[PDB]
Engineer: 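Could you have a look at this structure, given as structure tokens, before my questions?
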Amino acid sequence: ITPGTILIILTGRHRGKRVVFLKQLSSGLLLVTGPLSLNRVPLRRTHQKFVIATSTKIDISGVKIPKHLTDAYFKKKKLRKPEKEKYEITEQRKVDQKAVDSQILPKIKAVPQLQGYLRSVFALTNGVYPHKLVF
Amino acid sequence: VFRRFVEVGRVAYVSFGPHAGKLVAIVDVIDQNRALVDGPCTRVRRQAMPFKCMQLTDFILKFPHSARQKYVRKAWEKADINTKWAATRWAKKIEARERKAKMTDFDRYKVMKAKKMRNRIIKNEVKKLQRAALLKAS
Amino acid sequence: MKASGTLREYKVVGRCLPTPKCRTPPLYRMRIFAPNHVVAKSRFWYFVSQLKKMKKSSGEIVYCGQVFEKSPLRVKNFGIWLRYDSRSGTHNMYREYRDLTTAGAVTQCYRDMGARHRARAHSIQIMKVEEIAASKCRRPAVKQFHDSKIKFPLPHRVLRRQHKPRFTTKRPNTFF
Amino acid sequence: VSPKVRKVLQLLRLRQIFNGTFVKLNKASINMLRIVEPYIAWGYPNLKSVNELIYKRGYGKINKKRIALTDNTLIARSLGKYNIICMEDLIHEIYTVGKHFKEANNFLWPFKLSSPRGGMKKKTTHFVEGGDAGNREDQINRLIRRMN
Amino acid sequence: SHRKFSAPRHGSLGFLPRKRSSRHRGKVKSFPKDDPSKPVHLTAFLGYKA
Amino acid sequence: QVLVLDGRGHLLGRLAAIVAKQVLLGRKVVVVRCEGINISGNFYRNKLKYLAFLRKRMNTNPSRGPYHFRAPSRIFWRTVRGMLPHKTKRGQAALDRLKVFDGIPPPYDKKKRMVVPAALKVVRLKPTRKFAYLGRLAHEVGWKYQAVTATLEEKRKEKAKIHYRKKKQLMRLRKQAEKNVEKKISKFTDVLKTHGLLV
Amino acid sequence: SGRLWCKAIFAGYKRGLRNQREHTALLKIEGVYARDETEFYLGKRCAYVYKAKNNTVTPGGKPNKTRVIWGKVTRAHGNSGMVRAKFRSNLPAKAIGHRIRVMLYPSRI
RNA sequence: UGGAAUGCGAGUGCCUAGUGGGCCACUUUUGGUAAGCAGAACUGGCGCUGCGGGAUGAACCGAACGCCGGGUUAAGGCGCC
RNA sequence: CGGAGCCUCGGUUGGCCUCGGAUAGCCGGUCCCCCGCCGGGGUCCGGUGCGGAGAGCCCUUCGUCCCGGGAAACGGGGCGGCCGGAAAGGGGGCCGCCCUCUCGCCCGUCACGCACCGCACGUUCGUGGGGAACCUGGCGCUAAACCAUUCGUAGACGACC
Ligand SMILES: [Mg+2]
Ligand SMILES: [Mg+2]
Ligand SMILES: [Mg+2]
Ligand SMILES: [Mg+2]
Ligand SMILES: [Mg+2]
Ligand SMILES: [Mg+2]
Ligand SMILES: [Mg+2]
Ligand SMILES: [Mg+2]
Ligand SMILES: [Mg+2]
Ligand SMILES: [Mg+2]
Ligand SMILES: [Mg+2]
């Protein structure tokens with residue numbers, strides 16, 4: 001798992017979606033992006049034990065990720081119920097999504113067919129066994 | 001009916017064992033089950049080898065039985081067995097196997113797309129050819 | 001002795017323990033084919049005991065070491081003189097084998113003597129092993145490989161990978 | 001177990017299966033080992049065997065109790081009068097059969113070894129017969145690795 | 001021990017079980033083997049014992 | 001879903017052992033052409049083996065078993081039943097996952113048949129050894145439908161030959177099509193060759 | 001969307017011939033027929049998934065009839081790709097010969 | 001210089017139940033054609049004792065047992081059961 | 001034949017729609033030659049550690065939007081008919097239709113969608129099987145069995161005629 005590596009998410013609502021690794025946060029959780037425009041996965045945290053690292057990489061060496069994207073930034077904010085309470089995408093989050101995506105996305109489109117790869121979803125099919133195939 | 005023979009100089013492909021996937025030449029025959037093989041140009045020391053693990057190819061080098069390694073390598077270079085092997089359909093099918101076995105997850109996705117389009121173009125043409133033959137009968 | 005695995009040839013030197021009568025006893029040597037050296041020394045004491053008034057208590061092993069094959073990359077014919085006990089007697093045999101190492105020919109002998117005569121290795125005493133020239137061999141099974149232009153096919157090649165796949169759409173081919 | 005074998009096994013302190021002890025060899029002890037030949041596997045240990053045995057499975061007999069040798073003071077208090085005051089002195093006394101081998105060795109509790117990982121050939125016959133019993137000389141070390 | 005004097009058994013075990021027939025009208029268990037070379041004809045009939 | 005096997009050229013016992021394990025693991029198995037199954041040993045000694053089995057009967061009431069089935073399908077079925085714990089619910093459920101047939105009736109006639117190379121006579125028997133046919137064996141211990149099965153198996157093969165000729169016709173077109181569109185599919189063909197899918 | 005688990009069969013329990021150790025399950029995994037191909041699966045999660053009569057809560061979802069016993073692969077078993085699995089509760093004997101799910105996490109690749 | 005090795009805490013006294021049909025195996029051994037027969041020596045067993053293997057079994061082989069988890073083995077095994 | 005749901009039973013989590021077979025031999029073409037009711041034999045040419053490979057093939061699923069480029073145009077989707085299937089019988093292909101779309105496929109441009117803030121039972125087969133009911137339209141049906149009685153071709157009673 002090196003920065004720019006394409007990871008397959010195995011759990012959560014985004015399971016099976018191929019995402020881009022950005023960096024490891026101070027708590028050991030990984031920072032990934034969809035990018036949101038390709039598979040609808042935002043700047044999100046994920047656990048390394050719950051992803052499959054592929055051999056497909058992009059060079060995000062020249063990407064500047066904001067320094068305020070820390071574990072505390074992504075930590076859930078408790079919602080009180082006495083009916084319900086709905087999570088609302090803060091405006092700062094949307095601004096950060098475009099800041100990071102606007103740099104990573106052109107690098108994705110350099111690699112032919114890569115964007116289509118990130119739109120697709122991973123699945124096991126007839127006769128396909130994980131221990132046999134390279135990622 | 002038999003076309004390939006265990007004989008001095010016959011080049012065999014090692015299918016299983018420590019040297020699987022390599023080419024050796026039969027230098028001598030020990031008994032019904034073993035041969036003295038040599039692989040100077042394919043990184044195999046002269047040694048005993050069961051016929052079970054071998055597969056005779058179509059090449060036959062020329063050197064005396066039990067000739068030492070200098071002349072087995074010498075004949076291998078003369079016949080250029082390494083390039084002759086790699087140009088065979090047998091060698092190409094081995095290469096085609098390991099290309100597919102090492103395919104990356106992204107590579108698998110690109111093949112599916114290329115295969116998906118190629119399969120559609122061919123099927124469309126086959127329909128037109130089917131229609132063509134129908135008129136000749138009609 | 002259990003002929004476990006491929007045997008090895010050992011050179012074992014022993015003697016009587018020195019005594020006031022004979023301050024320097026003579027040295028004896030034996031060619032021992034055994035699985036390891038601990039077995040090799042044991043069989044030495046079993047053979048010298050049969051030939052001399054000697055045994056482990058009243059003697060010592062001066063040298064035990066493995067004798068390596070001198071031409072491991074060359075084919076040779078071996079003649080093996082042995083005696084063995086059957087269910088109803090003792091017999092002397094001369095056998096021939098084609099191998100690369102003398103210890104391999106002896107290992108072939110034990111597996112062969114077990115196969116053709118139900119002889120356990122504890123009843124077999126290999127007396128002598130010699131490398132024999134192709135002209136001096138007696139056994140037709142060995143002599144038929146003395147052919148400079150030997151050639152033969154491999155008919156009816158049995159399928160050995162019979163469970164990969166276990167179930168298949170196509171039947172195997174025995175001709176190659 | 002026959003009465004003679006049973007008494008000799010208690011004198012060697014091998015009262016349980018896969019128990020281990022060091023024995024210093026001489027006419028008195030080699031003839032004892034012959035009597036219990038069907039019941040023991042023995043041989044000549046090398047320095048590494050003495051090390052790993054005493055380090056991983058070394059327990060002192062202190063006040064008639066089985067005490068793990070987790071501190072040098074344990075050795076020094078009991079065997080210090082013989083100038084054995086550390087694990088290295090204890091390993092040196094055992095390995096070289098020092099003048100106080102008897103005391104340093106009886107101080108060690110019989111080593112409780114595990115079942116051999118990888119199995120045995122045949123416990124019911126001698127080593128030279130393809131079994132396990134009797135003297136296998138330095139081949140004891142291969143056994144000690146699989147049991148220690 | 002063996003029975004003193006030999007004698008055939010009473011009855012045929014080939015007609016077992018000795019039970020009331022399930023059918024009142026006799027069933028044709030086997031019709032004659034058809035011979036395609038003969039003219040079309042019938043092979044059975046029903047009558048009443050007068 | 002269902003593993004369909006061809007009984008022709010397979011050795012009775014070896015096929016049953018593999019088939020018995022498959023249905024214990026929960027797989028549905030169909031075996032067709034049970035009359036094509038083989039048994040090692042000459043025919044006469046295999047006929048004797050079954051005639052001895054025919055002698056086993058409850059002396060006081062033969063209707064109470066053993067039941068000596070004469071169809072090759074049922075002979076094979078009883079052989080697989082002998083390799084299962086068939087007096088427990090687990091074994092009977094496994095036994096219900098096996099179907100056995102003489103010939104190839106529908107729907108299996110129009111389905112691909114797998115073989116078991118570990119049970120194939122050509123793989124397991126030295127070519128000099130004698131062997132028996134379960135169909136001839138069964139016919140000679142009271143099986144009554146050898147001739148009909150052969151007659152219907154002769155009609156199926158004639159239909160299968162027509163189907164194959166149509167498949168060969170469609171493959172000849174396919175190879176021709178790959179030649180007509182060689183220029184339109186060249187780029188996609190390099191992708192396959194690059195990754196081994198085409199040699 | 002698509003399958004994200006490997007197909008495994010609950011072959012039986014750990015046992016000798018006349019003794020049964022129900023706390024360990026023997027799993028047959030599709031396509032794994034050697035002891036050397038089982039290394040990918042060691043430590044992976046296993047899930048016996050089934051249905052019952054009464055509705056039960058669903059994490060991240062509303063109550064339904066699905067139920068699961070979780071477990072993980074602990075080690076290989078034999079020479080032919082079988083693995084030993086341990087579950088939070090011993091598997092019911094009615095599950096022998098039925099599907100066991102083997103997940104792709106905890107991922108080590 | 002507690003005078004070979006090794007191991008081990010020993011000595012001693014009262015009161016005392018049940019038992020006093022045994023039987024089996026290696027080796028030795030008497031009678032008998034022999035016996036799953038009768039009678040002895042030695043040791044070990046069953047009786048009193050489960051447990052893994054010998055399909056099944058008093059005694060055979062392995063191994064002796066508090067209630068458990070993990071690991072490894074013995075004697076035995078690894079087509080399917 | 002053509003709506004919502006409610007109980008209950010479970011399992012499952014893409015499909016392979018097929019020569020016959022030989023194994024000291026096979027497979028595909030070639031019909032230019034010989035036979036036959038397009039198929040068989042020969043010749044000739046190719047493959048044969050089976051690549052016209054089950055070590056395989058088919059399908060492949062994030063959705064929509066804007067505008068391009070390849071591919072289709074003999075095209076996709078949607079009501080009437082004819083060949084065809086019996087071992088335990090086909091919701092296959094084909095001919096018409098009046099319709100309905102130029103989007104389906106591949107590579108690009110352009111953005112969007114609960115982005116539910118790391119997490120399980122997700123994802124089908126599924127209008128699944130069975131049971132009650134509630135509707136709501138059309139086309140159709142108006143039986144037997146047993147007892148009782150009688151018979152005596154039957155019979156301990158049942159049963160049977
Ligand atoms: Mg192990
Ligand atoms: Mg014994
Ligand atoms: Mg009489
Ligand atoms: Mg009959
Ligand atoms: Mg007696
Ligand atoms: Mg009593
Ligand atoms: Mg007692
Ligand atoms: Mg006991
Ligand atoms: Mg027995
Ligand atoms: Mg345990
Ligand atoms: Mg479900």
Side-chain angles (χ1 to χ4, degrees), chain A residues 11-13 15 29 36-37 39-42 44-47 50 74-77 86-87 89 93 97 112-113 119-121 123 125-126, chain B residues 1-2 13 15 55 89-90 93 96-97 112-114 116-117 119-121 124 127-128 131, chain C residues 155-156 165 168-176, chain D residues 2-3 10-13 26 28-29 32 106 114-117 119-120 123, chain E residues 20 24, chain F residues 13-14 16-18 20-21 82-85 103 105-106 109-114 122 152 157 160-161 163-165 167 171 175 184 199, chain G residues 1-4 16 47 49 51 53 58-61 64 66-68 70 98-99:
Chain A
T11 55
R13 60 169 53 72
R15 63 177 78 73
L29 287 168
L36 180 83
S37 49
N39 39 31
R40 292 290 287 186
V41 175
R44 213 168 184 265
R45 289 195 301 179
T46 194
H47 199 275
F50 294 90
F74 297 106
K75 189 180 197 291
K76 288 191 179 190
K77 273 80 194 162
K86 204 182 185 76
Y87 167 77
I89 306 169
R93 277 201 185 232
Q97 192 68 47
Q113 284 160 106
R119 301 184 95 263
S120 61
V121 153
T125 53
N126 273 355
Chain B
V1 290
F2 304 102
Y13 170 82
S15 59
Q55 299 182 358
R89 285 189 207 243
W90 193 348
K93 285 182 281 163
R97 216 157 301 175
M112 175 219 96
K113 287 283 176 146
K116 186 175 178 183
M117 172 53 75
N119 266 0
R120 262 166 174 86
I121 290 160
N124 169 257
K127 273 174 60 54
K128 283 192 273 205
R131 178 170 279 90
Chain C
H156 200 82
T168 165
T169 271
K170 52 177 184 173
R171 283 155 190 274
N173 172 51
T174 68
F175 183 91
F176 296 107
Chain D
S2 80
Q10 291 154 0
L11 294 171
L12 302 167
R13 299 193 291 159
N26 48 69
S29 75
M32 283 159 83
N106 188 262
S114 187
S115 310
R117 180 181 57 257
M120 314 168 33
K123 74 153 64 190
Chain E
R20 290 203 285 265
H24 174 82
Chain F
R14 306 204 158 272
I18 273 164
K21 191 59 149 171
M83 287 174 222
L84 299 166
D109 55 341
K110 290 185 188 180
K111 292 203 171 204
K112 177 67 80 177
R113 265 90 66 199
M114 312 286 273
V122 74
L152 298 165
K157 278 167 218 189
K161 193 70 71 168
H163 152 89
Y164 186 55
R165 290 201 292 87
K167 172 174 276 187
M171 185 99 247
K175 296 261 278 210
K184 275 175 282 190
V199 72
Chain G
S1 159
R3 189 162 43 87
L4 283 169
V49 180
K51 271 169 274 195
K53 197 166 88 58
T58 306
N64 58 42
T66 305
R67 297 184 188 166
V68 61
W70 297 101
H98 292 154
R99 177 66 63 228

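Values below: all heavy atoms of this structure, side chains included; hydrogens, waters and symmetry mates excluded. Chain naming here is simple, since letters A, B, ... match the order of the sequence lines and numbering starts at 1 in each.
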Engineer: Main chain of D:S115, side chain of D:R117: is a donor-acceptor contact present, judged purely on distance under 3.5 Å?
Structural biologist: no

Engineer: Is there a Watson-Crick or G-U wobble pair between I:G63 and I:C112, both distances under 3.5 angstrom?
Structural biologist: yes

Engineer: Identify, between D:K123 and D:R117, the residue whose nearest nucleotide on RNA chain H lies closer to the 5' end.
Structural biologist: D:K123

Engineer: May I ask whether E:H24 stacks on the base of I:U153, given the cut-offs of 5.5 Å between ring centres and 30° between planes?
Structural biologist: no

Engineer: Under the ring-ring contact (aromatic ring centres under 6.0 Å, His included) rule, collect the residues that match up with G:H98, sequence neighbours excluded.
Structural biologist: none

Engineer: Could you list, one pair per line, each protein nitrogen or oxygen that sits under 3.5 Å from a nitrogen or oxygen of nucleotides 69-72 of chain I, together with the distance?
Structural biologist:
from, atom 1, to, atom 2, distance (Å)
I:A72, OP1, F:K184, NZ, 2.9

Engineer: At a heavy-atom distance below 4.0 Å, which nucleotide of RNA chain H is the first touched by chain F, and which is the last?
Structural biologist: H:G79 to H:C81

Engineer: Is there a base pair between I:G108 and I:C67, Watson-Crick or G-U wobble, given that both distances have to be under 3.5 Å?
Structural biologist: yes

Engineer: So, using salt bridge (charged side-chain N to carboxylate O under 4.0 Å, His left out) as the criterion, who are the partners of G:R99 when residues are at least two apart?
Structural biologist: none

Engineer: Suppose we screen for ring-ring contact (aromatic ring centres under 6.0 Å, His included). Which residues come up paired with B:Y13, at least two apart in sequence or across chains?
Structural biologist: B:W85, B:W90

Engineer: A quick test of your reading: do over 12 heavy atoms of other residues, nucleotides or ligands sit less than 6.0 Å from CZ of F:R14?
Structural biologist: no

Engineer: Would I:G56 and I:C16 count as paired if we go with Watson-Crick or G-U wobble and both distances under 3.5 Å?
Structural biologist: yes

Engineer: Give the B/S/- string for nucleotides 21-30 of chain I, one per nucleotide from 5' to 3', where a protein heavy atom under 4.0 Å of the base yields B, of only the sugar-phosphate yields S, and otherwise -.
Structural biologist: BBBBB--SS-

Engineer: Is there a Watson-Crick or G-U wobble partner for H:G79 with both distances under 3.5 Å, and if so, which one is it?
Structural biologist: none

Engineer: Which is more 5' along RNA chain I, the nucleotide nearest B:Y13 or the one nearest B:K113? Just name the residue.
Structural biologist: B:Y13

Engineer: Quick one: what's the B/S/- string for nucleotides 115-122 of chain I, heavy-atom cutoff under 4.0 Å, read 5' to 3'?
Structural biologist: BBBBSBBB

Engineer: If you find the nucleotide of RNA chain I closest to F:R165 and the one closest to F:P105, which residue's nucleotide is nearer the 5' end?
Structural biologist: F:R165

Engineer: Would you indicate, yes or no, if I:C9 has its OP1 or OP2 atom less than 4.0 angstrom from a side-chain nitrogen or oxygen of G:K51?
Structural biologist: no

Engineer: Considering only atom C1', compute the distance from I:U64 to I:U109 and round it to an integer number of Å.
Structural biologist: 16 Å

Engineer: Given the structure, is I:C19 a Watson-Crick or G-U wobble partner of I:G96 (both distances under 3.5 Å)?
Structural biologist: no

Engineer: Are I:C147 and I:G46 a pair by Watson-Crick or G-U wobble criteria, both distances short of 3.5 Å?
Structural biologist: no

Engineer: Does C:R171 have any salt bridge (charged side-chain N to carboxylate O under 4.0 Å, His left out) partners at least two apart in sequence or in another chain, and if so, which?
Structural biologist: F:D6

Engineer: Which one is paired to I:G104, where only Watson-Crick or G-U wobble pairs with both distances under 3.5 angstrom count?
Structural biologist: none

Engineer: With both key distances required to be under 3.5 Å, would you call I:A111 and I:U136 a Watson-Crick or wobble pair?
Structural biologist: no

Engineer: Using a cutoff of under 3.5 Å, can you pull out all pairs of nitrogen or oxygen atoms linking the protein to nucleotides 89-95 of chain I, with atom names and distances?
Structural biologist:
none

Engineer: Are any protein N/O atoms closer than 3.5 Å to N/O atoms in nucleotides 41-44 of chain I? If there are, list each pair with its distance.
Structural biologist:
none

Engineer: Tell me whether the OP1 or OP2 atom of I:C19 has a side-chain N or O from F:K112 closer than 4.0 Å.
Structural biologist: yes

Engineer: Just the table, please: protein N/O against nucleotides 57-60 of chain I N/O, every pair under 3.5 Å.
Structural biologist:
from, atom 1, to, atom 2, distance (Å)
I:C57, OP2, B:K100, NZ, 3.4
I:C58, OP1, B:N119, OD1, 3.3
I:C58, OP1, B:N119, ND2, 2.9
I:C58, OP2, B:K115, NZ, 3.0
I:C59, OP2, B:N119, ND2, 2.6
I:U60, OP1, B:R120, NH2, 3.3

Engineer: In Å and rounded to the nearest 0.5 Å, what is the NZ to CG distance from F:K21 to F:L84?
Structural biologist: 10.0 Å

Engineer: Mapping F:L84 and D:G119 to their closest nucleotides on RNA chain H, which lands nearer the 5' end?
Structural biologist: D:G119

Engineer: Can you tell me the pairing partner of I:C141 across any strand shown, Watson-Crick or G-U wobble, with both distances under 3.5 angstrom?
Structural biologist: none

Engineer: Between A:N39 and A:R119, is any pair of side-chain heavy atoms under 4.5 Å apart?
Structural biologist: no

Engineer: Going by the rule side chain to side chain donor-acceptor pair (under 3.5 Å), which residues pair with A:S120 if we only count those two or more places apart in sequence or in a different chain?
Structural biologist: A:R18

Engineer: Does the base of I:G49 carry an N or O that pairs as donor and acceptor with the side chain of B:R97 under 3.5 Å?
Structural biologist: no

